[PDB]
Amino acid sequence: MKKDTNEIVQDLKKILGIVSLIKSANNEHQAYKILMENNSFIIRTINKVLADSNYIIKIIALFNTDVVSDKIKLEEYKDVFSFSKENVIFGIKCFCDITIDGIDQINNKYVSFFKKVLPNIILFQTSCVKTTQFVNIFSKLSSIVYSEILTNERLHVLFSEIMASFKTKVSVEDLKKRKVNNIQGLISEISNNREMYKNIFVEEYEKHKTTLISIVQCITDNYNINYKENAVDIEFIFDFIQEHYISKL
């Protein structure tokens, strides 16, 4: 699967390329043109990701070259991280039970873009969830995520402190001089320095957990985001992903 992990780096380059075209675009109508000119790529990729029950394990394999050299590891990874067509269906159904009464509906050209692709996402049609609802939740959520990452001040503070602490453990100047600036260089740096970057991640996460949970919980509260007409428990979600997913890497 050296070509399939090649597939993922090739897809991420084209994705980041779409992104840099949208960021540096003069207005919405230009970004909407940019998304439509990539219309078949975005729909093919979603469909291709969702039908590849091993896609997550192929992402792990970019970062652990030592996994491809051991089918026991790979298969103990497929036990945790492989998802089926019905897992995808189940996850879409669960997605539409999120309510965000905290902000009006979004209708810009991204939302109109979003509704043009969904009748071609095969497994989304299979779910028989109403497009109006799914679009509404997805557009409200991604509007919140992007707005909070750009505008939330506690998040900016926290990002700054993790950034500074990072710089005291890794020489970013010497990384830039060894040309670890691109996506491939960055992938290779992490995969060859696995144990360290993962310990850096764990330690920064543990040091800053209370802030991070608090910030995200205050976001879900301040937009009244519910799951099954109930408050969302960020702490429980984060501890959950930790015990069943992150810890098994």
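One-based numbering along the sequence shown.
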Comparing 118-126 with 165-173, the one whose average Cα B-factor in the PDB entry is higher: 118-126
Which of 221-229 and 235-243 has higher mean CA B factor, as the PDB entry lists it: 221-229
From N152, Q133, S160, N87, residue of greatest CA B-factor: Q133
Of the residues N192, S214, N199, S40, the one carrying the largest Cα B-factor as recorded: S40
Third of the chain's Cα B-factor distribution that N182 belongs to, per the entry: highest
Cα B factor band for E204 (lowest, middle or highest third within the chain): lowest
For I72, the third of its chain into which the C-alpha B factor falls: highest
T65 - Cα temperature factor, lowest/middle/highest third of chain: highest
B-factor third for the C-alpha atom of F113 within its chain: highest
